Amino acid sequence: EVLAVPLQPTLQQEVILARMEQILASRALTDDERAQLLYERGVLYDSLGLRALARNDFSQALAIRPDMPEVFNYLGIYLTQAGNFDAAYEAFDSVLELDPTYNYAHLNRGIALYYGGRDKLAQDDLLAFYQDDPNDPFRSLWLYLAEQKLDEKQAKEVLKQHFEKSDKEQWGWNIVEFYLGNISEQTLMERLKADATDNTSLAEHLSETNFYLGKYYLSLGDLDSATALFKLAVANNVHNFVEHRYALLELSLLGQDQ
């Protein structure tokens, strides 16, 4: 019942794309500048859900300059979405070898191990990722999701500790409070509307929230409520949220059981 207008490409995204084409076609770029700008267009293509175009730019960046951690991160994300967890692990390991401070590679490798049926090792990554910024509610959420496959009760105790330790300012702690039992689905959605200031903040909240809701119903065995919720997360077109990409993977898994 809470719906956003599904996001449309902004005029700035489209102007920048058309400008990135004119510049990449020119000889105004050093090898290093060319590689940086192929990475930046890949991020933009990815922002619009144009993953094959993005991968194409990311691979051209590497061809020019193979020591780019940023690009290895997006390549592993894409191997995760395709279900090739093995290759994905290799790409993120490459990230952290090139730059051991590239924190989001712990996130994304954690997520990939999770979908890969390796929760103990996913907890190693997501625990680390959590330690690097504990007031990010989505780190407590991703850690929780992995730890509930090992031990459902200690997961909820740890999640509850993360919430009580935190300053609880970031909106996402409301999703944690739902996971914990502190609030109802209806209160969650009521706070969702209150905190959204415009259609874009609305869409982002919905993409995030409906994915975590999707996971909740999927753990009770409610495939129809799960499927709807994943679809409605993905219908906000916030391509490039982990929640959008893992909503799509979950729908892919619900498809591949038919």
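Start at 1 and count along the sequence shown; that's the residue number.
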Next on the checklist: Using only C-alpha atoms and the B-factors in the entry, which stretch averages higher, 67-75 or 109-117?
Outcome noted: 109-117
Checklist entry - Looking at the entry, does 152-160 or 174-182 show the higher mean C-alpha B-factor? => result 152-160
Item to check | Candidate residues 41, 55, 34, 191, the one whose C-alpha B factor the record puts highest | outcome: 191
Checklist outcome for this item: Scanning 101, 140, 131, 80 for peak Cα temperature factor in the entry gives 131
Item to check | Within-chain third of residue 215 by Cα B-factor, per the entry | outcome: middle
Checklist entry - residue 224: which third of its chain by C-alpha temperature factor? => result highest
Item to check | Chain third (lowest, middle, highest) by recorded CA B-factor, residue given as residue 198 | outcome: middle
Checklist entry - In terms of the chain's CA B-factor thirds, is residue 91 lowest, middle or highest? => result lowest
